[PDB]
Amino acid sequence: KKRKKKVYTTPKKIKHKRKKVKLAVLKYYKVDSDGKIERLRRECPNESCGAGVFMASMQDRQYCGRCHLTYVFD
Amino acid sequence: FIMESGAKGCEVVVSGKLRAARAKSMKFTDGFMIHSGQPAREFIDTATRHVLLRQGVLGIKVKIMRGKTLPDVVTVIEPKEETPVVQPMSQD
Amino acid sequence: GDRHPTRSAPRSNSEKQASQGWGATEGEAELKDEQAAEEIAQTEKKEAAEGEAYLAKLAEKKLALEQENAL
RNA sequence: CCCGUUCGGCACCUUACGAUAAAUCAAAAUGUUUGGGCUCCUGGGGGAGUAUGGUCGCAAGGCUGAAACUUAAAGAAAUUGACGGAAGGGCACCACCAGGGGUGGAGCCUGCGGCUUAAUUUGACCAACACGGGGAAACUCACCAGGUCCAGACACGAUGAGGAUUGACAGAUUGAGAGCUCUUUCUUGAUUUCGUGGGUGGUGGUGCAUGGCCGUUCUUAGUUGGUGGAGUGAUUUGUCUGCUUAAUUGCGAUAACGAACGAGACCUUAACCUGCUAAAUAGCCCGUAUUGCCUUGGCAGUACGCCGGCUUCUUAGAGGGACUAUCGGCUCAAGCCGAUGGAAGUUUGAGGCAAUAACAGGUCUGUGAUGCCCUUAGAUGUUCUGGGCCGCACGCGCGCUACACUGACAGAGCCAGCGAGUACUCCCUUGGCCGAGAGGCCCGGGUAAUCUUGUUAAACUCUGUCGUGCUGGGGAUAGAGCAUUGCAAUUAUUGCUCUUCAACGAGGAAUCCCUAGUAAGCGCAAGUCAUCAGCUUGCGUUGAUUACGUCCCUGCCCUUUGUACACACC
RNA sequence: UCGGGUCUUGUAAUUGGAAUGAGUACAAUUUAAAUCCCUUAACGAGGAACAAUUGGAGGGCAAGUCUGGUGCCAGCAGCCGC
């Protein structure tokens, strides 16, 4: 029997800690100097959504936060 | 107290360990008690319970015999008295 | 041999304290024990001897009563 | 030589009016009611008959003879147990006689030891080892190499909606579409996170800390109050010389009499009922239609009857029946044996439950039964991938197949019983069709004396082939191919098809089980089960040789006996 | 029947009454001279005072199967023992 020694060779596994975001929602508009307020990023197919739905336009590939709309735009 | 309530016999056994290194058991008895056959299956009522104490666990066992009659016993009816009479007689 | 050379640690196998734990093995105490048994027996027996001889339920369902402006 | 009296000796038997703690004693009496006369010796156990002095002796030694110091018990007589390499009685096919069938010989299945491996998880040494209901492909699983998650309750202090806290596409990254992590930013929002305290869980340790349960002592016959007798007392007789029985089951003798548990009685099941109550989910007779042959008028079959008649057979309820009944020789008796009658004459056959009291018996790996210790977020918690428990020079145990003619092989004739079966699931399966074989497709019945099922089982019986040769007896080892169960078959699950054709000629020293529908042979159902039985629990078919005993061996209990043991020969 | 009266006792309840020396101090007495004692003017008791201790509570041996701490340690116990 007995409890033998253990050496977990891998140093440590560290979780995905959330990088700080300090009110990044105010960046999401463009106000027309005390008039109408046009929007920035356009919407998606919203069969089950429609409000505030932004599209991760980074490099030729996008998705929706809930709908997961994988669309290759190129 | 059982037999004050009118019981034909009883037996209580206690065992376990509470304040000693080894286990100790006691058994107290009085009256009559049958053990072998199906009369013993039905006449006796038994029960068993645990109890937990600061130091361990104690086991209690209780048996009670309530006194339609045992097959072994035999009862003889008292003979009825009668008297001899004179040989002649007559009636209506 | 499983008997003479105990293989555990001697830990408070005091028969004197056990006597208190179980029952003192003296004649004098037993008489007092019998007196106490007589005292306890009677009280249990006598108890056996004496013994032997604003509607709102609709409102629960009624929650959809409240209504709000149309459209 | 015989009978008797007396004096003086060596002794003995019964008894206690007497004595003592008792064993016992005609003195060990005439002693708390204490005095016939005289001499010697001891004052808890060791140190110690030692040291020193004196004295006798050729010497060995003899006679006289302390203290310091240490200790709470040493010792006598008797009682109950335990133990004995002591004796006497009894019981038992887990003992033997008289025998039957076997194992230990070979091959294989399977458990243990050991060896080896990263791991080969672990419990147990008559009463362990085909046991843990343990026939593990994952799961089970407690082990190894790896990877995730928290379900870390509640209370306190702080971050915090000028955002505590959650999830995620793609690319990389890993067996792995695990957001496990890394590149970038969308979404949810006070339940969470940090630290402190405090809990929860654990097939983690301790069965030598426990409960509960089971096994063994022990299938044997043993264990106790009341009144009385003996002893100052613990205790003892009752509970026994003898005979008998499976039995402390009985008869008897008796300082004992009358009783209580255990055994017996009790309950389940197997055998009998032409007598009762019966039954289309069981049968027979009878009546219609109808088939074949002899023809005759019948025989052998098919379908129907549901107020046609009945319950012998089948089946379940109430009862009855065997009690040793009658006999013939033993004998006080209890009984035993033998013949007749009868379905039944070993307690009619077989089981269930089962006394006082114990064991350092087994189980913490059954339990949300349970103390303490240990671990807790790089988990001993839970979960996913792969492996292993099966790895093998060799020792041992429970089984399976054979060594053939009392057999093998090929046709044909053909008889059971106990049981089991489908709802949110996939059971038992008939019939029709395809298929060499294993299998496949399509209707259907049965939640059941209704369907599977008359379960047409195996053994067995008749007619032939083979013919003493390890040959057509034997089937280990391997190659190729075809299917089924399952997510997955490699270390082959199993089945089917063709080929390959090992050892083994009745098994040494040793040793087991068993007394009549029994041993033995042969198969069938159920348990685990999706598949896998060489395993266990039950069922039926065929069906014998030898005995109605003893204490010689191996166990066990009762009496007498011994003890410096009583935690009791460990 | 939670009822009424007659005697005794106690009161984590209230008060109400009288008394006295432990000390202290005018006088005289005591004595070779003093002190103490025996008398006696003026003072002297209501709570934390004018406040009693030494050994014990398993048996011999009288008196708790209290409550916190320690865990064959510290210790106690003439003896048996904890």
# chains A, B, ... in the order shown; residues from 1 in each chain; ligands from 1
call {"tool": "select_by_dssp", "arguments": {"residues": "chain C", "states": "helix (DSSP H, G or I)", "output": "number ranges by chain"}}
result
C: 15-21, 27-52, 57-61
call {"tool": "write_last_selection", "arguments": {"atoms": "C-alpha atoms", "output": "compact mmCIF listing (two decimals), in the first residue's frame"}}
result
# COMPACT_ATOMS: atom_id res chain seq x y z
CA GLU C 15 -13.16 -0.74 35.47
CA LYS C 16 -13.78 1.79 38.26
CA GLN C 17 -15.00 4.46 35.86
CA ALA C 18 -16.86 1.79 33.89
CA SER C 19 -18.76 0.83 37.05
CA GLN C 20 -20.09 4.38 36.96
CA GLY C 21 -20.70 4.03 33.23
CA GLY C 27 -25.41 -4.61 46.91
CA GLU C 28 -26.12 -1.31 48.65
CA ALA C 29 -26.56 0.64 45.41
CA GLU C 30 -28.97 -1.93 43.96
CA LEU C 31 -31.51 -1.34 46.72
CA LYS C 32 -31.56 2.35 45.84
CA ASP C 33 -31.80 1.35 42.18
CA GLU C 34 -34.87 -0.76 42.97
CA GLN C 35 -36.47 2.13 44.85
CA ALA C 36 -35.84 4.41 41.86
CA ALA C 37 -37.27 1.75 39.54
CA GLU C 38 -40.42 1.63 41.66
CA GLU C 39 -40.70 5.43 41.54
CA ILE C 40 -40.25 5.64 37.76
CA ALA C 41 -42.59 2.70 37.09
CA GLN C 42 -45.63 4.33 38.72
CA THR C 43 -45.47 7.61 36.78
CA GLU C 44 -45.31 5.82 33.42
CA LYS C 45 -48.21 3.54 34.39
CA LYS C 46 -50.50 6.34 35.58
CA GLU C 47 -50.13 8.27 32.31
CA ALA C 48 -51.18 5.14 30.41
CA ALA C 49 -53.90 4.50 33.00
CA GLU C 50 -55.25 8.04 32.68
CA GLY C 51 -55.05 7.89 28.89
CA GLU C 52 -56.69 4.47 28.58
CA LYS C 57 -57.35 30.56 -1.74
CA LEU C 58 -59.13 32.03 -4.77
CA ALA C 59 -56.67 34.94 -4.84
CA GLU C 60 -53.85 32.41 -5.28
CA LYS C 61 -55.24 31.50 -8.70
call {"tool": "interface_residues", "arguments": {"of": "chain E", "to": "chain C", "cutoff": "12 Å", "atoms": "only C-alpha atoms (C1' of nucleotides)", "output": "ChimeraX atom specification"}}
result
/E:58,65,71-72,81-82
call {"tool": "atom_distance", "arguments": {"atom1": "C1' of residue 489 in chain D", "atom2": "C1' of residue 390 in chain D"}}
result
15.7 Å
call {"tool": "residues_around", "arguments": {"residues": "range 60-63 of chain B", "least_positions_apart": "4", "cutoff": "10 Å", "atoms": "only C-alpha atoms (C1' of nucleotides)", "output": "PDB file with N, CA, C and O atoms (P, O5', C5', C4', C3', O3' and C1' of nucleotides), in the first residue's frame"}}
result
ATOM      1  N   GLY B   9     -44.081 -13.078  30.275  1.00  0.00           N
ATOM      2  CA  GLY B   9     -42.637 -13.212  30.313  1.00  0.00           C
ATOM      3  C   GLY B   9     -41.948 -12.184  29.440  1.00  0.00           C
ATOM      4  O   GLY B   9     -42.543 -11.701  28.474  1.00  0.00           O
ATOM      5  N   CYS B  10     -40.699 -11.845  29.750  1.00  0.00           N
ATOM      6  CA  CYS B  10     -39.986 -10.840  28.974  1.00  0.00           C
ATOM      7  C   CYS B  10     -38.489 -11.039  29.147  1.00  0.00           C
ATOM      8  O   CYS B  10     -38.034 -11.762  30.036  1.00  0.00           O
ATOM      9  N   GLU B  11     -37.727 -10.378  28.278  1.00  0.00           N
ATOM     10  CA  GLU B  11     -36.275 -10.496  28.273  1.00  0.00           C
ATOM     11  C   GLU B  11     -35.688  -9.315  27.517  1.00  0.00           C
ATOM     12  O   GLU B  11     -36.109  -9.032  26.392  1.00  0.00           O
ATOM     13  N   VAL B  12     -34.722  -8.636  28.128  1.00  0.00           N
ATOM     14  CA  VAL B  12     -34.077  -7.474  27.531  1.00  0.00           C
ATOM     15  C   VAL B  12     -32.569  -7.682  27.560  1.00  0.00           C
ATOM     16  O   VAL B  12     -32.011  -8.094  28.582  1.00  0.00           O
ATOM     17  N   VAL B  13     -31.920  -7.441  26.424  1.00  0.00           N
ATOM     18  CA  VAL B  13     -30.479  -7.605  26.281  1.00  0.00           C
ATOM     19  C   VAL B  13     -29.888  -6.300  25.773  1.00  0.00           C
ATOM     20  O   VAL B  13     -30.427  -5.681  24.849  1.00  0.00           O
ATOM     21  N   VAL B  14     -28.780  -5.883  26.376  1.00  0.00           N
ATOM     22  CA  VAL B  14     -28.060  -4.681  25.976  1.00  0.00           C
ATOM     23  C   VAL B  14     -26.594  -5.047  25.820  1.00  0.00           C
ATOM     24  O   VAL B  14     -26.043  -5.798  26.632  1.00  0.00           O
ATOM     25  N   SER B  15     -25.959  -4.506  24.787  1.00  0.00           N
ATOM     26  CA  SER B  15     -24.552  -4.771  24.540  1.00  0.00           C
ATOM     27  C   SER B  15     -23.941  -3.576  23.830  1.00  0.00           C
ATOM     28  O   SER B  15     -24.641  -2.692  23.332  1.00  0.00           O
ATOM     29  N   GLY B  16     -22.622  -3.561  23.788  1.00  0.00           N
ATOM     30  CA  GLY B  16     -21.881  -2.500  23.158  1.00  0.00           C
ATOM     31  C   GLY B  16     -20.733  -2.079  24.042  1.00  0.00           C
ATOM     32  O   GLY B  16     -20.290  -2.830  24.910  1.00  0.00           O
ATOM     33  N   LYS B  27     -27.681  -9.212  30.324  1.00  0.00           N
ATOM     34  CA  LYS B  27     -28.948  -9.823  29.955  1.00  0.00           C
ATOM     35  C   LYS B  27     -29.750 -10.078  31.219  1.00  0.00           C
ATOM     36  O   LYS B  27     -29.255 -10.722  32.149  1.00  0.00           O
ATOM     37  N   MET B  33     -40.225 -18.200  28.716  1.00  0.00           N
ATOM     38  CA  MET B  33     -39.895 -17.824  27.347  1.00  0.00           C
ATOM     39  C   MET B  33     -39.688 -19.082  26.518  1.00  0.00           C
ATOM     40  O   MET B  33     -38.943 -19.977  26.928  1.00  0.00           O
ATOM     41  N   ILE B  44     -44.143 -14.189  20.477  1.00  0.00           N
ATOM     42  CA  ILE B  44     -43.149 -13.199  20.885  1.00  0.00           C
ATOM     43  C   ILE B  44     -43.162 -12.016  19.928  1.00  0.00           C
ATOM     44  O   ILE B  44     -43.325 -12.176  18.713  1.00  0.00           O
ATOM     45  N   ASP B  45     -42.985 -10.819  20.484  1.00  0.00           N
ATOM     46  CA  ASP B  45     -42.801  -9.595  19.718  1.00  0.00           C
ATOM     47  C   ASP B  45     -41.426  -9.030  20.042  1.00  0.00           C
ATOM     48  O   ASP B  45     -41.091  -8.838  21.215  1.00  0.00           O
ATOM     49  N   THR B  46     -40.641  -8.751  19.006  1.00  0.00           N
ATOM     50  CA  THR B  46     -39.256  -8.340  19.164  1.00  0.00           C
ATOM     51  C   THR B  46     -39.014  -7.010  18.463  1.00  0.00           C
ATOM     52  O   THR B  46     -39.771  -6.599  17.580  1.00  0.00           O
ATOM     53  N   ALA B  47     -37.946  -6.337  18.878  1.00  0.00           N
ATOM     54  CA  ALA B  47     -37.561  -5.068  18.281  1.00  0.00           C
ATOM     55  C   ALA B  47     -36.092  -4.811  18.577  1.00  0.00           C
ATOM     56  O   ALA B  47     -35.531  -5.347  19.535  1.00  0.00           O
ATOM     57  N   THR B  48     -35.477  -3.982  17.737  1.00  0.00           N
ATOM     58  CA  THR B  48     -34.048  -3.713  17.827  1.00  0.00           C
ATOM     59  C   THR B  48     -33.785  -2.289  17.371  1.00  0.00           C
ATOM     60  O   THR B  48     -34.247  -1.888  16.300  1.00  0.00           O
ATOM     61  N   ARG B  49     -33.036  -1.538  18.173  1.00  0.00           N
ATOM     62  CA  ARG B  49     -32.738  -0.150  17.869  1.00  0.00           C
ATOM     63  C   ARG B  49     -31.282   0.142  18.190  1.00  0.00           C
ATOM     64  O   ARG B  49     -30.688  -0.479  19.074  1.00  0.00           O
ATOM     65  N   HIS B  50     -30.714   1.092  17.459  1.00  0.00           N
ATOM     66  CA  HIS B  50     -29.401   1.637  17.762  1.00  0.00           C
ATOM     67  C   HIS B  50     -29.540   2.931  18.551  1.00  0.00           C
ATOM     68  O   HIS B  50     -30.600   3.559  18.584  1.00  0.00           O
ATOM     69  N   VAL B  51     -28.448   3.321  19.197  1.00  0.00           N
ATOM     70  CA  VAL B  51     -28.360   4.613  19.865  1.00  0.00           C
ATOM     71  C   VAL B  51     -26.909   5.065  19.827  1.00  0.00           C
ATOM     72  O   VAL B  51     -25.995   4.282  20.099  1.00  0.00           O
TER      73      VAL B  51
ATOM     74  P     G D 211     -20.331  -4.816  19.558  1.00  0.00           P
ATOM     75  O5'   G D 211     -21.571  -4.128  18.837  1.00  0.00           O
ATOM     76  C5'   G D 211     -22.495  -3.352  19.580  1.00  0.00           C
ATOM     77  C4'   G D 211     -23.537  -2.717  18.694  1.00  0.00           C
ATOM     78  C3'   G D 211     -24.423  -3.671  17.913  1.00  0.00           C
ATOM     79  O3'   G D 211     -25.488  -4.183  18.692  1.00  0.00           O
ATOM     80  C1'   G D 211     -23.660  -1.948  16.485  1.00  0.00           C
TER      81        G D 211
END
call {"tool": "residues_around", "arguments": {"residues": "residue 23 in chain E", "least_positions_apart": "5", "cutoff": "12 Å", "atoms": "only C-alpha atoms (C1' of nucleotides)", "output": "list in words"}}
result
residues 43, 44 and 50 of chain E
call {"tool": "write_last_selection", "arguments": {"atoms": "C-alpha atoms (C1' of nucleotides)", "output": "PDB file, in the first residue's frame"}}
result
ATOM      1  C1'   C E  43     -17.865  57.771  73.519  1.00  0.00           C
ATOM      2  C1'   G E  44     -18.355  52.933  71.095  1.00  0.00           C
ATOM      3  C1'   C E  50     -15.954  45.398  65.114  1.00  0.00           C
TER       4        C E  50
END
call {"tool": "closest_atom_pairs", "arguments": {"of": "chain B", "to": "chain C", "cutoff": "7 Å", "atoms": "only C-alpha atoms", "output": "Markdown table"}}
result
| residue | atom | partner | partner_atom | distance |
| --- | --- | --- | --- | --- |
| B:1 | CA | C:41 | CA | 6.0 |
| B:19 | CA | C:18 | CA | 5.4 |
| B:20 | CA | C:13 | CA | 5.0 |
| B:21 | CA | C:13 | CA | 4.7 |
call {"tool": "residues_around", "arguments": {"residues": "range 6-14 of chain A", "least_positions_apart": "4", "cutoff": "12 Å", "atoms": "only C-alpha atoms (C1' of nucleotides)", "output": "VMD selection string"}}
result
(chain A and resid 18) or (chain D and resid 145 to 148 180 to 182 378)
call {"tool": "write_last_selection", "arguments": {"atoms": "N, CA, C and O atoms (P, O5', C5', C4', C3', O3' and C1' of nucleotides)", "output": "PDB file, in the first residue's frame"}}
result
ATOM      1  N   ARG A  18     -10.261  37.517 -16.908  1.00  0.00           N
ATOM      2  CA  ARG A  18     -10.857  38.539 -17.761  1.00  0.00           C
ATOM      3  C   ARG A  18     -10.043  39.828 -17.704  1.00  0.00           C
ATOM      4  O   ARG A  18      -9.859  40.409 -16.630  1.00  0.00           O
TER       5      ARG A  18
ATOM      6  P     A D 145       1.250   7.264 -12.447  1.00  0.00           P
ATOM      7  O5'   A D 145       0.932   7.474 -13.996  1.00  0.00           O
ATOM      8  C5'   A D 145       1.881   7.129 -14.997  1.00  0.00           C
ATOM      9  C4'   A D 145       1.500   7.705 -16.341  1.00  0.00           C
ATOM     10  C3'   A D 145       0.998   9.140 -16.330  1.00  0.00           C
ATOM     11  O3'   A D 145       2.055  10.081 -16.327  1.00  0.00           O
ATOM     12  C1'   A D 145      -0.451   7.800 -17.637  1.00  0.00           C
ATOM     13  P     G D 146       1.817  11.571 -15.784  1.00  0.00           P
ATOM     14  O5'   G D 146       0.964  12.271 -16.933  1.00  0.00           O
ATOM     15  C5'   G D 146      -0.289  12.869 -16.641  1.00  0.00           C
ATOM     16  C4'   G D 146      -1.162  12.955 -17.866  1.00  0.00           C
ATOM     17  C3'   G D 146      -2.276  13.985 -17.810  1.00  0.00           C
ATOM     18  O3'   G D 146      -1.839  15.302 -18.086  1.00  0.00           O
ATOM     19  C1'   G D 146      -3.157  11.946 -18.572  1.00  0.00           C
ATOM     20  P     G D 147      -2.275  16.506 -17.120  1.00  0.00           P
ATOM     21  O5'   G D 147      -3.728  16.904 -17.632  1.00  0.00           O
ATOM     22  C5'   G D 147      -3.936  17.314 -18.973  1.00  0.00           C
ATOM     23  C4'   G D 147      -5.396  17.295 -19.342  1.00  0.00           C
ATOM     24  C3'   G D 147      -6.324  18.124 -18.470  1.00  0.00           C
ATOM     25  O3'   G D 147      -6.282  19.502 -18.796  1.00  0.00           O
ATOM     26  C1'   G D 147      -7.300  16.009 -18.903  1.00  0.00           C
ATOM     27  P     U D 148      -6.876  20.596 -17.782  1.00  0.00           P
ATOM     28  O5'   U D 148      -8.450  20.473 -17.969  1.00  0.00           O
ATOM     29  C5'   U D 148      -9.345  21.137 -17.093  1.00  0.00           C
ATOM     30  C4'   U D 148     -10.759  20.653 -17.286  1.00  0.00           C
ATOM     31  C3'   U D 148     -11.753  21.069 -16.217  1.00  0.00           C
ATOM     32  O3'   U D 148     -12.259  22.376 -16.426  1.00  0.00           O
ATOM     33  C1'   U D 148     -11.985  18.758 -16.650  1.00  0.00           C
ATOM     34  P     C D 180     -13.261  24.601 -21.519  1.00  0.00           P
ATOM     35  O5'   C D 180     -11.861  23.977 -21.081  1.00  0.00           O
ATOM     36  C5'   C D 180     -11.415  24.078 -19.738  1.00  0.00           C
ATOM     37  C4'   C D 180      -9.929  23.854 -19.618  1.00  0.00           C
ATOM     38  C3'   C D 180      -9.047  25.025 -20.010  1.00  0.00           C
ATOM     39  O3'   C D 180      -8.976  26.021 -19.008  1.00  0.00           O
ATOM     40  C1'   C D 180      -8.162  23.019 -20.898  1.00  0.00           C
ATOM     41  P     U D 181      -9.325  27.540 -19.381  1.00  0.00           P
ATOM     42  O5'   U D 181      -7.975  28.125 -19.993  1.00  0.00           O
ATOM     43  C5'   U D 181      -6.773  28.138 -19.237  1.00  0.00           C
ATOM     44  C4'   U D 181      -5.549  28.001 -20.113  1.00  0.00           C
ATOM     45  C3'   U D 181      -5.243  29.166 -21.047  1.00  0.00           C
ATOM     46  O3'   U D 181      -4.482  30.168 -20.398  1.00  0.00           O
ATOM     47  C1'   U D 181      -5.080  27.101 -22.226  1.00  0.00           C
ATOM     48  P     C D 182      -4.705  31.728 -20.706  1.00  0.00           P
ATOM     49  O5'   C D 182      -4.201  31.891 -22.208  1.00  0.00           O
ATOM     50  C5'   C D 182      -2.870  32.309 -22.476  1.00  0.00           C
ATOM     51  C4'   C D 182      -2.587  32.389 -23.955  1.00  0.00           C
ATOM     52  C3'   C D 182      -3.383  33.418 -24.734  1.00  0.00           C
ATOM     53  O3'   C D 182      -2.905  34.738 -24.566  1.00  0.00           O
ATOM     54  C1'   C D 182      -3.291  31.391 -25.948  1.00  0.00           C
ATOM     55  P     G D 378      -5.394  23.985  -6.353  1.00  0.00           P
ATOM     56  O5'   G D 378      -4.937  23.040  -7.553  1.00  0.00           O
ATOM     57  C5'   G D 378      -3.560  22.785  -7.811  1.00  0.00           C
ATOM     58  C4'   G D 378      -3.328  21.383  -8.320  1.00  0.00           C
ATOM     59  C3'   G D 378      -3.716  20.258  -7.360  1.00  0.00           C
ATOM     60  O3'   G D 378      -4.231  19.143  -8.086  1.00  0.00           O
ATOM     61  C1'   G D 378      -1.427  20.073  -7.920  1.00  0.00           C
TER      62        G D 378
END
call {"tool": "closest_atom_pairs", "arguments": {"of": "chain D", "to": "chain A", "cutoff": "8 Å", "atoms": "only C-alpha atoms (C1' of nucleotides)", "output": "tab-separated table"}}
result
residue	atom	partner	partner_atom	distance
D:163	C1'	A:23	CA	7.9
D:168	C1'	A:65	CA	6.9
D:169	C1'	A:63	CA	5.1
D:170	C1'	A:61	CA	7.0
D:181	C1'	A:15	CA	7.4
D:184	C1'	A:58	CA	7.5
D:185	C1'	A:56	CA	6.7
D:186	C1'	A:65	CA	5.2
D:187	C1'	A:65	CA	5.3
D:378	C1'	A:8	CA	6.2
call {"tool": "write_last_selection", "arguments": {"atoms": "N, CA and C atoms (P, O5', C5', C4', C3', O3' and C1' of nucleotides)", "output": "PDB file, in the first residue's frame"}}
result
ATOM      1  P     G D 163     -16.365  51.844 -13.753  1.00  0.00           P
ATOM      2  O5'   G D 163     -17.176  50.638 -13.101  1.00  0.00           O
ATOM      3  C5'   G D 163     -18.063  49.832 -13.871  1.00  0.00           C
ATOM      4  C4'   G D 163     -18.488  48.600 -13.109  1.00  0.00           C
ATOM      5  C3'   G D 163     -17.889  47.283 -13.593  1.00  0.00           C
ATOM      6  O3'   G D 163     -17.765  46.388 -12.489  1.00  0.00           O
ATOM      7  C1'   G D 163     -20.237  47.203 -13.813  1.00  0.00           C
ATOM      8  P     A D 168     -18.414  28.069 -22.689  1.00  0.00           P
ATOM      9  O5'   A D 168     -18.383  28.843 -24.082  1.00  0.00           O
ATOM     10  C5'   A D 168     -19.382  28.608 -25.064  1.00  0.00           C
ATOM     11  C4'   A D 168     -19.576  29.793 -25.981  1.00  0.00           C
ATOM     12  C3'   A D 168     -18.618  29.905 -27.153  1.00  0.00           C
ATOM     13  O3'   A D 168     -18.953  29.036 -28.219  1.00  0.00           O
ATOM     14  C1'   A D 168     -18.863  32.021 -26.125  1.00  0.00           C
ATOM     15  P     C D 169     -17.794  28.414 -29.142  1.00  0.00           P
ATOM     16  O5'   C D 169     -17.752  29.365 -30.416  1.00  0.00           O
ATOM     17  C5'   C D 169     -18.857  29.439 -31.300  1.00  0.00           C
ATOM     18  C4'   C D 169     -18.510  30.187 -32.562  1.00  0.00           C
ATOM     19  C3'   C D 169     -17.232  29.752 -33.259  1.00  0.00           C
ATOM     20  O3'   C D 169     -17.399  28.591 -34.055  1.00  0.00           O
ATOM     21  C1'   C D 169     -17.300  32.111 -33.128  1.00  0.00           C
ATOM     22  P     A D 170     -16.173  27.577 -34.283  1.00  0.00           P
ATOM     23  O5'   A D 170     -15.037  28.469 -34.958  1.00  0.00           O
ATOM     24  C5'   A D 170     -15.155  28.910 -36.304  1.00  0.00           C
ATOM     25  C4'   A D 170     -14.113  29.946 -36.641  1.00  0.00           C
ATOM     26  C3'   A D 170     -12.660  29.520 -36.496  1.00  0.00           C
ATOM     27  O3'   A D 170     -12.181  28.779 -37.605  1.00  0.00           O
ATOM     28  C1'   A D 170     -12.964  31.602 -35.440  1.00  0.00           C
ATOM     29  P     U D 181      -9.325  27.540 -19.381  1.00  0.00           P
ATOM     30  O5'   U D 181      -7.975  28.125 -19.993  1.00  0.00           O
ATOM     31  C5'   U D 181      -6.773  28.138 -19.237  1.00  0.00           C
ATOM     32  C4'   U D 181      -5.549  28.001 -20.113  1.00  0.00           C
ATOM     33  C3'   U D 181      -5.243  29.166 -21.047  1.00  0.00           C
ATOM     34  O3'   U D 181      -4.482  30.168 -20.398  1.00  0.00           O
ATOM     35  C1'   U D 181      -5.080  27.101 -22.226  1.00  0.00           C
ATOM     36  P     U D 184      -4.975  39.930 -27.353  1.00  0.00           P
ATOM     37  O5'   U D 184      -6.317  40.508 -27.982  1.00  0.00           O
ATOM     38  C5'   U D 184      -6.277  41.368 -29.111  1.00  0.00           C
ATOM     39  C4'   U D 184      -7.554  41.306 -29.907  1.00  0.00           C
ATOM     40  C3'   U D 184      -8.829  41.582 -29.127  1.00  0.00           C
ATOM     41  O3'   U D 184      -9.070  42.968 -28.950  1.00  0.00           O
ATOM     42  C1'   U D 184      -9.125  39.686 -30.523  1.00  0.00           C
ATOM     43  P     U D 185      -9.869  43.492 -27.657  1.00  0.00           P
ATOM     44  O5'   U D 185     -11.406  43.308 -28.036  1.00  0.00           O
ATOM     45  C5'   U D 185     -11.919  43.794 -29.274  1.00  0.00           C
ATOM     46  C4'   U D 185     -13.277  43.212 -29.589  1.00  0.00           C
ATOM     47  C3'   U D 185     -14.424  43.723 -28.722  1.00  0.00           C
ATOM     48  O3'   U D 185     -15.628  43.674 -29.487  1.00  0.00           O
ATOM     49  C1'   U D 185     -14.193  41.400 -28.414  1.00  0.00           C
ATOM     50  P     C D 186     -16.761  44.802 -29.315  1.00  0.00           P
ATOM     51  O5'   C D 186     -18.133  44.008 -29.507  1.00  0.00           O
ATOM     52  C5'   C D 186     -19.009  43.764 -28.416  1.00  0.00           C
ATOM     53  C4'   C D 186     -19.839  42.520 -28.629  1.00  0.00           C
ATOM     54  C3'   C D 186     -20.898  42.241 -27.573  1.00  0.00           C
ATOM     55  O3'   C D 186     -22.098  42.966 -27.780  1.00  0.00           O
ATOM     56  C1'   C D 186     -19.644  40.279 -27.952  1.00  0.00           C
ATOM     57  P     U D 187     -22.927  43.538 -26.528  1.00  0.00           P
ATOM     58  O5'   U D 187     -23.549  42.236 -25.851  1.00  0.00           O
ATOM     59  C5'   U D 187     -24.391  41.357 -26.585  1.00  0.00           C
ATOM     60  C4'   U D 187     -24.615  40.061 -25.845  1.00  0.00           C
ATOM     61  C3'   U D 187     -25.073  40.187 -24.400  1.00  0.00           C
ATOM     62  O3'   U D 187     -26.467  40.406 -24.284  1.00  0.00           O
ATOM     63  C1'   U D 187     -23.290  38.646 -24.525  1.00  0.00           C
ATOM     64  P     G D 378      -5.394  23.985  -6.353  1.00  0.00           P
ATOM     65  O5'   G D 378      -4.937  23.040  -7.553  1.00  0.00           O
ATOM     66  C5'   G D 378      -3.560  22.785  -7.811  1.00  0.00           C
ATOM     67  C4'   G D 378      -3.328  21.383  -8.320  1.00  0.00           C
ATOM     68  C3'   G D 378      -3.716  20.258  -7.360  1.00  0.00           C
ATOM     69  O3'   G D 378      -4.231  19.143  -8.086  1.00  0.00           O
ATOM     70  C1'   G D 378      -1.427  20.073  -7.920  1.00  0.00           C
TER      71        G D 378
END
call {"tool": "closest_atom_pairs", "arguments": {"of": "chain D", "to": "chain C", "cutoff": "10 Å", "atoms": "only C-alpha atoms (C1' of nucleotides)", "output": "tab-separated table"}}
result
residue	atom	partner	partner_atom	distance
D:206	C1'	C:8	CA	9.5
D:208	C1'	C:7	CA	5.9
D:209	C1'	C:8	CA	9.4
D:360	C1'	C:3	CA	6.2
D:567	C1'	C:4	CA	7.4
D:570	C1'	C:1	CA	5.4
